[PDB]
Every structure is written in C-alpha cells, then in structure tokens.
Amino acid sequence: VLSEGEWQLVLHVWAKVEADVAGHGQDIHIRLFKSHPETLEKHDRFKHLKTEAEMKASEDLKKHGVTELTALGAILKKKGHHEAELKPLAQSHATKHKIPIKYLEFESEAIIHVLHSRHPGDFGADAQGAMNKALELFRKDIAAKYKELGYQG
C-alpha cells in the first residue's frame, strides 16, 4: 500500500497532467504504440494510423487519451479506494477490449516516461517510485477483478 505522503507525491505530479490532459494522452499513446506495437493492434479503431504524423493529426485518438487519462486521474485521487472506478474498467478491458495485464505494465512505463520527460522538476526518484507503486497497485487490483470475472489477465 501507499503512505499518505506517497499519494501526495502522486497527486502533485498528476496536477501537472491535468493542465494539459490531451497532450499527455497523445504522448503516452505514441510512446506505447511505437515501443509496443501490439498495443496499437488492440486499439483497432486507431490501428490505421501508421505514422507519428497520422497519430498526432487524429482528433479521435486525442479524445481517447483524454477519456483514459481522466479516468486514471479519478482513480488516483481515490488513493487506493478505487473499487468503484475499477469495476467498469475491469469489465470492459477484460471482456470487450481484451487487454492483457502485461499491456498495463507497458502503459505504466509510457506514463512514467512521459511524466519525467515533461516534468523533471516534479518527478524525481521518490515521486517516480510513488507513481510506480500507485500504477502497480492499480494493475494488481485490475488483475484480481479479471480473475473474478474469469479468464486470465
């Protein structure tokens, strides 16, 4: 679990994300999609965006990133007591979108990369460690709900 201070480190960098959710969302997806192209295949509505220029030009990819980061931020503000928010996400990501738990680890990597590329002076090792811990808590909880809904993460 995370200490209150660890949560505050997480929420301080998240306050920076909220200043430009769409920009962070784009950077995270472009990183994810490039580093791990199997993630772009799972985003089948966007898999026709072959190049970074096409990715950046897509208004609907940008909206999808706001949708996902808005939901993540609500989860983080709940500081571990995110059962409410997790339940629909688990449902859809397990049974509709079919996202393996390992892809959430890919996403956590991309998030941490973007946050330190955009906010050095707010993301040193302690903050990075708190954010890592928070996303790992998230993933472990999603993993559990996957198993309860059936069929492995």
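Numbers follow the displayed sequence, beginning with 1.
Which has the higher mean CA temperature factor in the PDB entry, 60-68 or 87-95?
Result of the comparison: 87-95.
For the stretches 21-29 and 135-143, which has the higher mean C-alpha B-factor as given in the deposited record?
Taking the mean C-alpha B-factor of 21-29 and of 135-143, the larger value falls to 135-143.
Quick one: which of 127, 40, 111, 55 has the biggest Cα B-factor according to the entry?
Of the options given, 127 has the highest CA B-factor in the PDB entry.
Which third, lowest, middle or highest, does the C-alpha temperature factor of residue 44 belong to within its own chain?
Tercile = lowest for this residue's CA B-factor.
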